[PDB]
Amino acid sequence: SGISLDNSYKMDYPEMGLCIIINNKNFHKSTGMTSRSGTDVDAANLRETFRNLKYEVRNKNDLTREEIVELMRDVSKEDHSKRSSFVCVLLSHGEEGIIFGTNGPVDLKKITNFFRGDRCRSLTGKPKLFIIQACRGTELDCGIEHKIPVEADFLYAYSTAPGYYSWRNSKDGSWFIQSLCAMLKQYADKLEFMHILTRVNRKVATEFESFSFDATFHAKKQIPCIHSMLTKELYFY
């Protein structure tokens, strides 16, 4: 047999894999968290987008901190042997390293740990992708004119830079998700995932700017952040 190259994840398993979409819109009153208008638009876009990539999409809405954890645990214990990859999309309130259940927060690290190389072996060596639309703090960008590591093969696609707010439009959905779906829709059959994510960075960075009656929140910008510990190139085809 002719010479072979090994630069890309094997994405030709019988299944592309799960796409779990956690859509938190409505929060228990006691948390003091606002209702996240527009997030349903994000959830629908993602569902359709990842449907077309041939992912087995599971939408979950309005989950408690307990339900998020139990869900992630249960999913990490499924047999992923026939699956190429895993995708988990989190839409909620957040702070740095944290996303909100409807009744309180969960550590991102606690969610991702379920899928570590040593804790879910049917996903070992396969790409584990986490896409997070949530704040990472309260800063505003004013813009300017024989063994593998257990943390290997994780990619975290953050909506925003570390420490910063992330922006969501109540009508159109969040800047990040809408841009992400557009680029997946447009480039998933021709670009490796990092270059797709890089077009998402540019789209968000250049095409969006906030409008507010409050000068503190007006004319602000956003740059998403790619957190990659992938060891191969990922192509959805």
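Residues carry their position along the shown sequence, with the first being 1.
Unmodelled residues of the deposited sequence between neighbouring positions residue 145 and residue 146 number 10 or more. Here 171 to 179 and 184 to 192 are compared by their mean Cα B-factor, and 184 to 192 comes out higher. Remark: stretch with higher mean C-alpha B factor among 61 to 69 and 45 to 53 is 61 to 69. Highest C-alpha temperature factor among 210, 39, 198, 35 per the entry: 35. Comparing C-alpha B-factors across 93, 126, 121, 136 in the deposited entry, the largest value falls on 121. When the modelled residues of the chain are ordered by C-alpha B-factor, residue 107 sits in the middle third.
Remark: residue 160 belongs to the lowest third of its chain, ranked by C-alpha B-factor as recorded.
Looking at the C-alpha B-factors along this chain, the one for residue 19 belongs to the middle third.
In this PDB entry, residue 8 carries a Cα temperature factor that places it within the middle third of its chain's modelled residues. Ranked against the other modelled residues of its chain, the C-alpha B-factor of residue 79 as given in the entry falls in the highest third.
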